[PDB]
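Working notes for the structure below.
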Amino acid sequence: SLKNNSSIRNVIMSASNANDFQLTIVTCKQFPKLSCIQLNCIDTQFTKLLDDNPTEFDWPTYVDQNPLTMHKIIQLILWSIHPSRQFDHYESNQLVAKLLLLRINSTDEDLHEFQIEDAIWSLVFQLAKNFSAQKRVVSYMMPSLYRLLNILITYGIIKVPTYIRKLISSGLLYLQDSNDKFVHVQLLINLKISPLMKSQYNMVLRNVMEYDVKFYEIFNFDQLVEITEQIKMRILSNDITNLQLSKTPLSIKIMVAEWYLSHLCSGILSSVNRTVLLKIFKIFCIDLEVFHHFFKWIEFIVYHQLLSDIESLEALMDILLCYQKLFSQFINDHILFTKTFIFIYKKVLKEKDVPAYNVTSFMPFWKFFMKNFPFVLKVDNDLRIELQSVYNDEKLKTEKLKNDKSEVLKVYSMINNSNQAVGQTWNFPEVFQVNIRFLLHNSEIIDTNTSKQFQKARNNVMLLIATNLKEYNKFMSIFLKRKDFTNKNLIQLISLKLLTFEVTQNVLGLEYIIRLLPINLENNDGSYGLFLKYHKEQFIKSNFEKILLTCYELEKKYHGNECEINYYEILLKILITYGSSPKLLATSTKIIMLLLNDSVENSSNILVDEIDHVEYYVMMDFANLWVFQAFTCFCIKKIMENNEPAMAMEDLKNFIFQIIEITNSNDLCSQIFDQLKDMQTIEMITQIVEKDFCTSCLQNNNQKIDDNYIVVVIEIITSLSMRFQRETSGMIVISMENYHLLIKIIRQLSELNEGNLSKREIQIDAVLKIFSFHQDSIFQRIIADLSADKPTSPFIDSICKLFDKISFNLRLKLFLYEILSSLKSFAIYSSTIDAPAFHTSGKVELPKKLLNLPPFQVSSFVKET
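Going letter by letter, the sequence shown gives residues 419 to 1025, 1069 to 1326 in the UniProt record's numbering.
Here you go:
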């Protein structure tokens, strides 16, 4: 409510980001300016995945501001962090679209988005390295928005008309204007019948000095032929090459996917094994047909079932899908489909029948679904019991021998005794030799070996652990080979518990270019799990700094890991803790420059000696990815506060805070910065944050003190002050502390000044009232004032009481809200006095005057109006 005035001011507005002069030297990238912060909203988005975020946002009417802001967040920071981010954004937009009551502020939103996309092109301009990365990354975000936007709320004709109007402006040659139109026109994914007349005509107009030139449509036909020929027979290498060739044009790939999807659906024979992984993986390369893959999977589900071993592997894909799985909305059918597979299986030779990956998915569905149905519940209950029963019967060795014998196919070599002792070595050796090459004539043997290894592990957990430990000690297996092994059967936890320093670096990043079973979840889970292990490894890794391999990799990994890791609330504290340590750890000015590296990496993310103010400006550039900025601010604040002199802290703390706030000079950004500085300070120390608030209160009082004398720039000053003061108050409330700094002289002076002139009160009433209300919001100051009256001799008048009375008299018709606040304060004061008078009564006699002024019934209520 502190920033209520600011919201009204916002109109159709746009955002342009300009690099700072200091930033240009360090090649820093500016973050597009935002009308509103909704930082809490930004924080929510990071932890939104695998939770029911959509129903809850509905509660807050942030569609006018947050939805536009949400698009920016989706575009800006997730490569692997938010796989379902564009889809999630579409869902958010879709929800808003569904909840439509008026034509106004609905259809236009799309127009505004188009304008924003156009704005991204403007930012790139000509020959700007910093601008290009932002614009280029912005161009990719715009392409994703165009795919999502086109499907639910976009017009092919309206977009074309806007582009035509735009060229007109660019009659005089402009380097920036020509490229953007061509780039956007190039992959708008328009319907073929509609697009040919319009797209070709547009190209003809821009044909001069254009590389694509004429016959853009023909290129689409040629691309479709190339995609189709490779797809029908073999051409696995060719398919990969086709994407590389077709990287330039997104639209051609989209057309090809539809043709591919139809062919897959038509074939009566069910897809199985490697082909399914290859079919989806190849399709995965083309970004546009995300839905098509899901539809194909469902149809496979709809169609006769494939091999059982493949089905287990297939679920892996579903697990990777995560939040994106929800978009398909085939969950009711899927449960039925899952049950159908359980019903369908008959001729399965695997005794173990492990369902842990499947059991985990079912558990996620129960937690995620939050609903009860007849078909779903019975199937889930039935699935848990069979796995439990096999484990209990797992100890018996006849079932183990029988399962082992079938894969082995030899009756005599049961190997029942010491199966782990010999089979594991064989499993370890047989699997290792052919997995890397992946040229085995028979697909059946590797699977059989894997099944045998799994069975042994299930049979004796302790024995399996011992065997795993033994393999590590021997160290006869290459690290590259080991990574492949970990993906399919070896446990990451065992690798994690005991590993070589060189091995640990290898363990963190795995290459999936070659076709293989998806291992996206285990790696994702470890990263999500902790911040101490990674930081510790980097620190230990950083110190050696040798051989230009592990050390080089570690620096890259740490920077990459922070960017990759989502700014979760739990994660942010860890991130702040690590960032603070990094900043705090450096003992030299040159290292200070190194942090510069982090900001550049964050604003890039592509696979003389100055002093404090430049750093403050760098902190100021930020839009949403504020964990790093917050940590830096907190460290700086802590250093300034800890000057070891009481006098020194006031001189420096006040100056630093004012400069940082003055430099920001904004609303949402300023609020975020104050909160971040406040949040970081509060997080590090509850008392230090309280100390900052007292300093802030003193700073606020000084600003408030000027108010009587200055009489100027109320709007700019109040917005920064209320927001900072409000944040401090929130922190204090959170800190469960009612303690406040004492500045009796300033509040009284302000009240007297306001009371004396009616006209003065009328001018800038909202700013004055909000400030006074914040000051009296806390009951700590009020209780102290009451004590003095009891303490003071005789019947001497109270200045504060007089000021309050004057305000009550004076505050008539200033604002509807102002009156309410005044009434509330008066009511609260009487209650406080009553609370104070709980012992024997100290006589005041000013209560009657106060009581008469505030009433909830009859004439008095009207009197307030």
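Every residue gets a Cβ at the ideal spot worked out from N, C-alpha and C, and that includes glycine.
Once you ignore the five residues that flank residue i on each side, which residues in its own chain have a CB closer than 7 Å to its CB?
i, result
"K599", "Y581, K584, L585, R624"
"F748", "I716"
"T922", "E955"
"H953", "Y996"
"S664", "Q641, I670, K671"
"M431", "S453"
"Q618", "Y634, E635"
Compare the C-alpha of residue i against each of the options and name the closest.
i, options, result
"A1288", "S1233, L1312, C703", "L1312"
"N1023", "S1126, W497, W477, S434", "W497"
"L814", "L767, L1013, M615, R876", "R876"
"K451", "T462, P1106, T487", "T487"
"residue 392", "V708, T1142, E889", "Since the first residue of the chain shown is 419 and the last is 1326, residue 392 is not available in this structure."
"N1015", "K770, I575, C981, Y986", "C981"
"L606", "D640, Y558, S588, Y592", "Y558"
"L916", "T1005, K888, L928, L724", "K888"
"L1275", "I455, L1218, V1018", "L1218"
"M627", "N638, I649, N608, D595", "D595"
"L819", "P782, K757, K874", "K874"
"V826", "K870, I988, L950, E973", "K870"
"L928", "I988, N941, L911", "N941"
"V766", "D751, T778, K757, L725", "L725"
"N1214", "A1107, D1168, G1191", "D1168"
"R503", "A537, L739, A1227, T442", "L739"
"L801", "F786, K785, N821, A774", "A774"
"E1144", "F1185, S998, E1019", "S998"
Should residue i be labelled buried (16 or more other beta-carbon atoms within 10 Å of its own) or exposed?
i, result
"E1306", "exposed"
"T1093", "buried"
"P478", "exposed"
"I534", "buried"
"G1216", "buried"
"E647", "exposed"
"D1153", "buried"
"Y634", "buried"
"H1201", "buried"
"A1109", "exposed"
"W1087", "buried"
"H1074", "exposed"
"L563", "buried"
"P847", "exposed"
Near residue i, which residues of its chain fall below 8 Å by C-beta distance, leaving aside the five closest residues on each side in sequence?
i, result
"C969", "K959, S960, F962, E963"
At which residues does the alpha helix (DSSP H) containing residue i begin and terminate?
i, result
"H722", "Taken as a continuous stretch (DSSP letters only), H722 belongs to no alpha helix (DSSP H), as it is neither H nor E."
"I1166", "1147-1171"
"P450", "Run containing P450: none; DSSP gives neither H nor E here."
"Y763", "Here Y763 belongs to no alpha helix (DSSP H), and DSSP marks it neither H nor E."
"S831", "Careful: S831 lies outside any alpha helix (DSSP H) and carries neither H nor E."
"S1268", "1260-1271"
"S1282", "1277-1295"
"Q1119", "1107-1125"
"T866", "861-877"
"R900", "897-906"
"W539", "525-542"
"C740", "It is not in any alpha helix (DSSP H) - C740 carries neither H nor E in the DSSP assignment."
"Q806", "792-812"
"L687", "Taken as a continuous stretch (DSSP letters only), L687 belongs to no alpha helix (DSSP H), as it is neither H nor E."
"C446", "First-last for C446: undefined, no H or E at that position."
So, for residue i: in the same chain, excluding its five sequence neighbours on each side, which residues have a beta-carbon less than 6 Å away from its beta-carbon?
i, result
"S1286", "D1237"
"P1315", "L1284, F1287, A1288"
"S1021", "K447"
"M832", "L819"
For residue i, would you say it is in contact with chain D, using Cβ-to-Cβ distances shorter than 7 Å as the test?
i, result
"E509", "No chain D appears in the structure shown, which is made up of a single protein chain."
Check whether the Cβ of residue i sits closer than 6 Å to any heavy atom of the ligand HEM, and report yes or no.
i, result
"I653", "Ligands displayed in this structure: none; no statement on the ligand HEM is therefore possible."
Would you be able to state if there are at least three C-beta pairs under 8 Å between the stretch 465-479 and the stretch 1137-1157?
When C-beta atoms of the stretch 1137-1157 are compared with those of the stretch 465-479, fewer than three pairs fall below 8 Å, so the two segments do not count as touching.
Do the stretch 650-657 and the stretch 686-695 touch if we need at least three Cβ pairs shorter than 8 Å?
Short answer: they don't touch.
Are the stretch 831-841 and the stretch 897-905 touching by the rule of at least three beta carbon pairs closer than 8 Å?
These segments do not touch.
Any contact of the stretch 825-839 with the stretch 788-807, i.e. 3+ C-beta pairs under 8 Å?
Cβ pair count under 8 Å is below three, so no.
Should the stretch 506-518 be called in touch with the stretch 563-580, which here means at least 3 C-beta pairs below 8 Å?
Because the criterion of three Cβ pairs below 8 Å is met, the stretch 506-518 and the stretch 563-580 touch.
Quick check: the stretch 1188-1208 against the stretch 1250-1258, are at least 3 beta-carbon pairs closer than 8 Å?
Output reads no: the stretch 1188-1208 does not touch the stretch 1250-1258.
Touch test, the stretch 538-556 against the stretch 769-785, Cβ-Cβ under 8 Å, three pairs minimum
At 8 Å Cβ cutoff, the stretches do not touch.
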